[PDB]
Structures are given as C-alpha cells and as structure tokens.
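In structure tokens, one chain follows: the form deposited in one PDB entry.
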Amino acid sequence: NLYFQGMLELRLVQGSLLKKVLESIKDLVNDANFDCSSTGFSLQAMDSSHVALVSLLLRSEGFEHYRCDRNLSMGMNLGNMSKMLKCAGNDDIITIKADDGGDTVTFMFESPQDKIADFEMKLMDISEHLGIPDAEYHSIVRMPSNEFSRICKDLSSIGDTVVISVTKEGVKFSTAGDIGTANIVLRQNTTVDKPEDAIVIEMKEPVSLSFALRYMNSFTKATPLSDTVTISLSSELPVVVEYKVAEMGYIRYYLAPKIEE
C-alpha cells in the first residue's frame, strides 16, 4: 500500500506509566498534539502564558506494539484524556488507536481478569513547534526528585520567586516573602550506596537565576515517574528540569527566568 491513511496503534503493557505522564502535563497544558514518529510517541507544548514549555518522549521500544504509519498528530484535550485514563486500572494494558486525520481516538484497557474497556474520545485540530537548541549549560544538578519536590513546596509557602544559584559552595535555593526569608543549600554528596540517592553538581561556570515557584511546583507533578531529577542552568537560557519516564523516555520542562527590567 502507498495511498494508506495514516494510523497509530500503541500497546503499552505498563498502563500506569501513561496515567502518570498525563498527570504530569495536564495542569500545565490544556490542549496539545501528540506527535508520532519512528523514534516514538512525543509531545511538545507551551503553557497558555508561554512561560513554560513541556517536551515529552515515550520511545517506541517501550511499547509492546508500536505502529505509527507516517507522522500522525492527535490533537488532544489533555484534561479529557486524563479523565479517560483515570478509568484505567494501574495494572491494565492500555492500547491507543487513532486515524491520521481521524475524528476520534480509542483507548482500550485490558486487564492481565477477563475485563476489557473501550473508551472513545473526540480529537481536535491543532501546530508550530519551537526549535530547542542543543546548548551547553553552565551548571547541572542531579538530585532525588522527592527532595526537589519538597524544596519547591517548602519555599513556595514562604514566597513566589526562587533564586537558584550554583557556586563552588553548592546549589542554593533562596526565597523571600512577607513572613521572612529562606535559603536552602545542597552540597554535592555521593556518599550513598544507591546512586539515585546522590546529589551531583557539575558546574562549568557559576550561575544564578530567578524563577516562579508556581511553575516549579507544577513540574514536580512528574515525581512519581522518576527517582531522580536533573536541573540544567545557564544564564542565557530557560532552566531545564528533566524527569525520566520509567526506562523508556523523558519529560523535560523548560521555564523562562524572571530578570531585572
């Protein structure tokens, strides 16, 4: 066949992964295209204020079955998709099915029980993607995702803006608000038996930038996907906050800084 209509069919044995992926992006991005390519099943979208960007990839080798006839895009209301995936059991096998310019997407949930559920959602017509540069960052911090999540929630109780600075002393998160000021300093620490417990700091040049904590706290919705989080900083770029998706991909969040007028 050559005049085939594009078609997508994905069978993911660990359905819980896809549920956690949607929970990681649905509050940041309302509607977006899921893109289909040889490499895998991906999404790139900004938040509605254009302050943050999410770039997501689920690689083809993580699916039990991976058909991506040509380069489909599925225009998806992420909240509606999330609502349908919330009906999958954490141990369900999940199958996504859609036609190139099709009007609906079908989700199949199969239990490993003789229970089979079919959910059918309307698609939307959605676009223009940004080019992400392959830059060299001035500093990279890797740390346990739960520790970063705790730090962001704690500081956000004190103020709205966090200064992240990397120096020879370590990584410092600072905030000031109506009730006082807070400074949290992590130094490099690899004195651990499990490397995902480490705090690793690689500084090529010192860097200090300011960011809205509200966005940082939405990023930490991806914590259940990844024992680890990597924060990449340079004074000329958004910060990058990267989570692993099991062993089959990633979610990267980019956040534009706050700067003096």
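Position 1 is the first residue in the sequence shown; the rest follow in order. Take the two forms, find the largest set of C-alpha atoms that superpose within 1.5 Å, and that set is the rigid core.
This protein has a second form, the form deposited in another entry, left out of what is shown; the following refers to that one.
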Next on the checklist: For the core superposition between this form and the one not shown, please identify the residue among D31, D27, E196, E202 whose CA shift reaches 2 Å or more.
Outcome noted: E196
Checklist outcome for this item: With a difference of at least 3 Å, the CA distance of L18 and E196 in the other form shows the atoms farther
Checklist outcome for this item: in the other form the CA atoms of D197 and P224, compared with here and shifted by at least 3 Å, lie farther
